[PDB]
C-alpha cells in the first residue's frame, strides 16, 4: 500500500521551496544555496511534474544580459534532460530594499514604474519557458501605520498596474493568465487584498476581468482563522481557481509554510475532496519551507512527504464518496435537497404558496435532526482507515 507520485499527478514546487537556506528573522542560513539545475534533477527523481520560479531565483539580481542568457540556457538544458515543465512564474517585488514600501503601490511613483518594468521583463521569460499562469503576490503592499497609505489611492494604483499588465499581454498575443495571491499580513503589518474574498472582489473592477483569477495558499487564509476549503469553493463557484499553493499551518501565527498534510489535517482532507470532486485540473503546487533544522536529506524527505500526503488524502476522500453508507448519510442530512432550487416555480408561485408560510409547520421542521455528527464520524473513520 504505497503512494508513488508520477508526472501525471501534476505536482510542482517553487525553486525557492527546496532552495530555502533557512534564514529567519532570528537566524542565519543553515543550508548552502542550491543550484536550480540540481533542484530540477532531484525533483524529477521524486516524481514531480515541474517547477516554478521568481525572476530572482533563476537570474541573480543585477545580472547583465550575458549572464542572464547563460542562467536561462543552463536551466533549459535541465528541463530538457528531465522532461520537467514550468507551468507558472512570478516576480520578486519584495526582497530588494527598493521595495520596502511596495511594488505596485509604493508611495514613490518612480518605484511603481520600475516594478512594472521588472514584471514585464519576466512575463516575456515565463512565456518563452511555457508558463500558462503568472502569479502576483504583493507581499510589500500594505502598511504598519494608518497614515502611511491611503487605501483608496493604493487600490487605484493596484488597478492601474494590473490593467497595464493585461494591456501588455493582449498586445503581445500571449496565452498567459494572472493569478493574484492573497496574504493577510507578513511582511507588512496588514497586506492589501488580505484574503481570497478581497482578491476576487478586486478582480471584478479590472478592465478585463477574464484574464485574472486567484492563487490561494492554505496557510494564508488560515493566518486569518478562515476555512480554506470554503474559500476555495467560493473561488471555484466564481470560475476563478487558476492555481493553488499547498502547504500546512498551525493556526494564527507567523506564516509557517510546513509541508502539505502538516498543520490542519482535517482541512487538508476536505480540500483534497473538493479539488478532486470539482475536477480542478491545474498544477498541485507546493509553496513550503523544509524546516531549518534539516540537512539536504531532510529537504528531499519533506518534499516527498508533500506528494505522499496528497495521494493518501486523495484515496481516503474517494473511498468516503464511494461508500454506500456515506451516500445514504448524505441523503439523511439532506445534501440532495441543498442542490435543488428553493424556488424554480418563481416568485409569484412562492408568494401564493401557503405551504411556505401560512400553513408551514415550523415546529415539525425544527424537530428534524440534521444527522451531521453521524456523517462527520463516517468521514473521520474514512480518513483514519478505520473504514
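Numbering follows the first chain given and starts at 1.
In this crystal structure, the stretch out of 317-325 and 61-69 whose C-alpha atoms carry the higher mean B factor is 61-69. Look at the C-alpha B-factors of 329-337 and of 35-43. On average they run higher in 35-43. Ranking 238, 131, 158, 115 by Cα temperature factor from the entry places 131 first. Residue-level inspection of the entry shows that, of 243, 292, 76, 100, 76 has the top Cα B-factor. In this PDB entry, residue 205 carries a Cα temperature factor that places it within the highest third of its chain's modelled residues. In this PDB entry, residue 383 carries a Cα temperature factor that places it within the middle third of its chain's modelled residues. Among all modelled residues in this chain, the alpha-carbon of residue 176 has a temperature factor (C-alpha) in the highest third.
Ranked against the other modelled residues of its chain, the C-alpha B-factor of residue 25 as given in the entry falls in the highest third. When the CA B factors of the chain's modelled residues are split into thirds, the value for residue 127 lands in the highest one.
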